[PDB]
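Below: one structure, written as structure tokens.
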Amino acid sequence: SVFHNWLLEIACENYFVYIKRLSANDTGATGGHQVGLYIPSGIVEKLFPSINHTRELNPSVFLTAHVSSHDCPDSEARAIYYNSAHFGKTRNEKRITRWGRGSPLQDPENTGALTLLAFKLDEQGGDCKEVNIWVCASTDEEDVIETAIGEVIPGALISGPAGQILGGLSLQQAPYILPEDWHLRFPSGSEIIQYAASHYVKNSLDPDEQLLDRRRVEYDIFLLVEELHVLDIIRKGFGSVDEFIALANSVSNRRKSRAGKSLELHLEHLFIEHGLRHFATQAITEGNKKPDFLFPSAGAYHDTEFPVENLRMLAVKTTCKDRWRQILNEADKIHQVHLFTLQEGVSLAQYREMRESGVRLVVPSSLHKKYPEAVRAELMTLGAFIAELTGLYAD
Amino acid sequence: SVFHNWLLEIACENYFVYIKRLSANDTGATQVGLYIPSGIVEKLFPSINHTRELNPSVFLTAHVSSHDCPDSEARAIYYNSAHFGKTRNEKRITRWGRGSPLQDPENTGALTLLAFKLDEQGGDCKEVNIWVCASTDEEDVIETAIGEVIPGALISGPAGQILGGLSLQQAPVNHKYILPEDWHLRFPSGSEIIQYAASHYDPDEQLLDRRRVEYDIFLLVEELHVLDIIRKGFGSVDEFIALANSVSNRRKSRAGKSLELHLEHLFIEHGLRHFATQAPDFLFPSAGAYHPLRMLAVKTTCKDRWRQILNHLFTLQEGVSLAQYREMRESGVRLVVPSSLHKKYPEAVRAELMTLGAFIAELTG
Numbered sequence: 004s005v006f007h008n009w010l011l012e013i014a015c016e017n018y019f020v021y022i023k024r025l026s027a028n029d030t031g032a033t034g035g036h037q038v039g040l041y042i043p044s045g046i047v048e049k050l051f052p053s054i055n056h057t058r059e060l061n062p063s064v065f066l067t068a069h070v071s072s073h074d075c076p077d078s079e080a081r082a083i084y085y086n087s088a089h090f091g092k093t094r095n096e097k098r099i100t101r102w103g104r105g106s107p108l109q110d111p112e113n114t115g116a117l118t119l120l121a122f123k124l125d126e127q128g129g130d131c132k133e134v135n136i137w138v139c140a141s142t143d144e145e146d147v148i149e150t151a152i153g154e155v156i157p158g159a160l161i162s163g164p165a166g167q168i169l170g171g172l173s174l175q176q177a178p183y184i185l186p187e188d189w190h191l192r193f194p195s196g197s198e199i200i201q202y203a204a205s206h207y208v209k210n211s212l213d214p215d216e217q218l219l220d221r222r223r224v225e226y227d228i229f230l231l232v233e234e235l236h237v238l239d240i241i242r243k244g245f246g247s248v249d250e251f252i253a254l255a256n257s258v259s260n261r262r263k264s265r266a267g268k269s270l271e272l273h274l275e276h277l278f279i280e281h282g283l284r285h286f287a288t289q290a291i292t293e294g295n296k297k298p299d300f301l302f303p304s305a306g307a308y309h310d311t312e313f314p315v316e317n318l319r320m321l322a323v324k325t326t327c328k329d330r331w332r333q334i335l336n337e338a339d340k341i342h343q344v345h346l347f348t349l350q351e352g353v354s355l356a357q358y359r360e361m362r363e364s365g366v367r368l369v370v371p372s373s374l375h376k377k378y379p380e381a382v383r384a385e386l387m388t389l390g391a392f393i394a395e396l397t398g399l400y401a402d
Numbered sequence: 004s005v006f007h008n009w010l011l012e013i014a015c016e017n018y019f020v021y022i023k024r025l026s027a028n029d030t031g032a033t037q038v039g040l041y042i043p044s045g046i047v048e049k050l051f052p053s054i055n056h057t058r059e060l061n062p063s064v065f066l067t068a069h070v071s072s073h074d075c076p077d078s079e080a081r082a083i084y085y086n087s088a089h090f091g092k093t094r095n096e097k098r099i100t101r102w103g104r105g106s107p108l109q110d111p112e113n114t115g116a117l118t119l120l121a122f123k124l125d126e127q128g129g130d131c132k133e134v135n136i137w138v139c140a141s142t143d144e145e146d147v148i149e150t151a152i153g154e155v156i157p158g159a160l161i162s163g164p165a166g167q168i169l170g171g172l173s174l175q176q177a178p179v180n181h182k183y184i185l186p187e188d189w190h191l192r193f194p195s196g197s198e199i200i201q202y203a204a205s206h207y213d214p215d216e217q218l219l220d221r222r223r224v225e226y227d228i229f230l231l232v233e234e235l236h237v238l239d240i241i242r243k244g245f246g247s248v249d250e251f252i253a254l255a256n257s258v259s260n261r262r263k264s265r266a267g268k269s270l271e272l273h274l275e276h277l278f279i280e281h282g283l284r285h286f287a288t289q290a298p299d300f301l302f303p304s305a306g307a308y309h314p318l319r320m321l322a323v324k325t326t327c328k329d330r331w332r333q334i335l336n345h346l347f348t349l350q351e352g353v354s355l356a357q358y359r360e361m362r363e364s365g366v367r368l369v370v371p372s373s374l375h376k377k378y379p380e381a382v383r384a385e386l387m388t389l390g391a392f393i394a395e396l397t398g
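Protein chains in written order, with the authors' numbering: chain B, 4 to 178, 183 to 402; chain A, 4 to 33, 37 to 207, 213 to 290, 298 to 309, 314, 318 to 336, 345 to 398.
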């Protein structure tokens, strides 16, 4: 239980933690020369203040990178500010690179992996000189941390003091007219989603774009609805510490449960809204598998008269890394299965494994740029997947 | 993956959860079934709490989720004796079925959770979801969330209040302790609390006694620091959250070097002076005698985490099956368990255990 102990160590020491899932580009999976692990600009001024300027092209500094997740020698990694936008070119991003040969952070097969970089604050206002990292090597490890703090979505850039980041509940509340009744009752996930779609996006008739915009709106109104209801109880206080913790746990489970059901609820709504009215979500196939989405219906799937080559299923895996093979056993009849994912890319080798198993990836349009070229070319946008189905069942 | 999703499923579906580590008696390594406070069973099956007849009972479906076993039918029975000439008056659950993870002596010391599905109307529980951790990897998942589960500890209540990521506890605060005045403003370190407990309020009884004093002091200190704030209320979600996370993290950290410290004091105090806590948590007679010896490792829970030591073993586990011990008797593992705990081990390994006293006595010299 090394990871567990590592988490306990970090959570109570002076560390500034940054959590993210490795993108195809982070690992060099998108090909070419390694550019490094992306770091949020809003974190550079705190950790590497000396490279946060445009006086010279590509300023950088070194820091010792200790990897606790894999048996790797410590190395002098390089935090760097790709500055060329201020020197006649185009770059404008900060990254940490040169992890050393064989390092998990430079391994394309770790694309999609949940990674935690615990930076040691410099007691002098200077640049951070050491980072302790953990690249989750399996789903078992990821379950350890995500069970407590929640699942980390691809693209998420989480950072803050270790204690608050690893505590269980996530801080941060910044960004509407909520219906009267929401001030009295706590709306369901579907209700929030139907309100987000029906009341705020509408600036895009494209499914891929609608999904991303509505996901952003859902996040904000849930936060507002949550704030209303929680602020009320919270203001009255509690009789004991454990009545206090019990509520925190209640609040935490609600967020986790809703975060987990969100994506599938949005897709269900979009399929309906775009004319694709032929599909089952609570549909059993063989034994007790039940794929996330089955087209055109549970009935047609079990129908001896209905053509098999016209059946389709769509498994939804926010993060598909090591969480996709369990889909090949969900529909005996369907040999070409579709997988919807929000992952910021997959390696060529990962994709080859998928291709060989008859898996076809459906990815939100704007996320395609995150995939290696060879893989990108075979991706399906959400809009195209909907179109393909909205034709096969035209009758 | 499945456990990860199971936990969230249970947390949000009207369940009552009961968590504890399986003792030797719960498993049978010494088949009645896991111990469950009669009080809890009584609330879970209110229809059996009568004396209209002897040992009245009801069946409930036992679904095993941690393993692939078929839905057996267990029963909640109110042992009524006392009201029929004898002396039994306690509600229990039995017949978990044979071949069930709960009735497997090899799962001794394993963390287990029982999720009883509740009826919002008020009727008897008719279903119980079972999860017996089959690896430390699974135990890490749940313990990272609720905190380390000490052998003998019992955790239960609404699943959505227990699970979720923050560490809840159920013991009441003991205000009978007089503490240093600065501790109201400065939270003392674990060691500071243990040293205090070792200087104020057979070592076999002491360790386990300072162990409880330390826990009470920590809880009292915690109350002095946050109760008043908590009673006042919060002005924002994030202030509530920031304190919840901090309160919880400090709790989860407590179960770090508690045992390796309480023992240390009990040694210096009982002759055993010079020793080493690093070259290996312990060493006898000293680090110098390492350049022919006794190396004692400490593990609150022994199951699946002793092998690394092979390159004496003090534990607080409520028993170890016959087979489990064999593998340990070999390799070179000599157990050390507090007297009050031997009665927990198999009616065979018991007489082979070396109490904390018998250990201190021997090493002395």
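Just so it is clear, CB atoms sit at the ideal spot from N, CA and C, and this is done for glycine as well.
- Contact holds between the segment 131-144 of chain A and the segment 59-73 of chain A, because three or more Cβ pairs, one in each stretch, are under 8 Å apart.
- Identification of chain A residues near residue 7/B by a Cβ-Cβ cut-off of 8 Å yields 146, 149 and 150, ordered along the chain.
- Rounded to the nearest angstrom, the Cβ distance from residue 368/B to residue 156/B is 17 Å, too far for a contact under 8 Å.
- Three or more Cβ pairs closer than 8 Å define a contact, and the segment 217-230 of chain A falls short of that threshold against the segment 215-232 of chain B.
- Rounded to the nearest angstrom, the Cβ distance from residue 171/B to residue 172/A is 5 Å, consistent with a contact under 8 Å.
- The C-beta distance from residue 83/A to residue 46/A rounds to 14 Å, too long to fall under 8 Å, and the pair is not in contact.
- Around the beta-carbon of residue 63/B, 16 or more other beta-carbon atoms lie within 10 Å, marking it buried.
- For residue 161/A, the uninterrupted beta strand (DSSP E) run begins and ends at 161-164, by DSSP.
- In the DSSP assignment, the residues bridged to residue 69/A are 135/A.
- Taking a contact as a CB-CB distance under 8 Å, the pair residue 100/B and residue 40/B counts as one, their CB atoms being some 7 Å apart.
- With contact defined as three or more Cβ pairs closer than 8 Å, the segment 98-118 of chain A and the segment 8-15 of chain A are not in contact.
- DSSP, read as helix, strand or coil, puts residue 358/A in helix.
- One alpha carbon belongs to residue 276/A, the other to residue 186/A, and they sit about 20 Å apart.
- Just so you know, the alpha carbons of residue 353/A and residue 66/B end up roughly 47 Å apart.
- By alpha-carbon distance to residue 58/B, the top candidate from 310/B, 86/B, 191/B and 192/B is 86/B.
- Its Cα nearest to that of residue 154/A, the residue 260/A stands out among 260/A, 103/A and 288/A.
- DSSP lists no bridge partner for residue 154/B.
- Under the DSSP definition of a beta bridge, residue 78/B partners with 68/B.
- Contact between residue 396/B and residue 302/B holds: CB atoms are separated by about 6 Å, below the 8 Å threshold.
- One alpha carbon belongs to residue 43/A, the other to residue 98/A, and they sit about 8 Å apart.
- One alpha carbon belongs to residue 123/A, the other to residue 32/A, and they sit about 29 Å apart.
- At least 8 Å separates the CB of residue 193/B from every CB of chain A.
- For residue 280/B and residue 118/A, the gap between their C-alpha atoms comes out near 45 Å.
- Put simply, the backbone Cα of residue 177/B is about 19 Å away from that of residue 189/B.
- With contacts defined by Cβ atoms closer than 8 Å, residue 232/B and residue 199/B form a contacting pair.
- If you look at residue 191/B, you'll find it isn't in any beta strand (DSSP E); DSSP assigns it neither H nor E.
- Residue 269/B counts as buried, since at least 16 other C-beta atoms from the protein chains shown sit within 10 angstroms of its C-beta.
- Between the beta-carbon of residue 375/A and that of residue 383/A there is about 5 Å, and that keeps the pair under the 8 Å contact cut.
- Measuring C-alpha to C-alpha distances from residue 78/B to each of 103/B, 400/B and 264/B identifies 103/B as the nearest.
- When CB distances to chain A are screened at a threshold of 8 Å, the residues of the segment 12-38 of chain B falling below it are 14 and 15, in chain order.
- Taking a Cβ-Cβ cut-off of 7 Å, the neighbours of residue 256/A in chain B comprise 166, 167, 170, 171 and 172, given in sequence order.
- According to DSSP, residue pairing for residue 322/B in a beta bridge involves 346/B.
- Not one beta carbon of chain B lies nearer than 8 Å to the beta carbon of residue 333/A.
- Ranked by Cα distance from residue 115/B, the first of 364/B, 9/B and 331/B is 331/B.
- Note on geometry: alpha-carbon atoms of residue 325/B and residue 370/B lie some 10 Å from one another.
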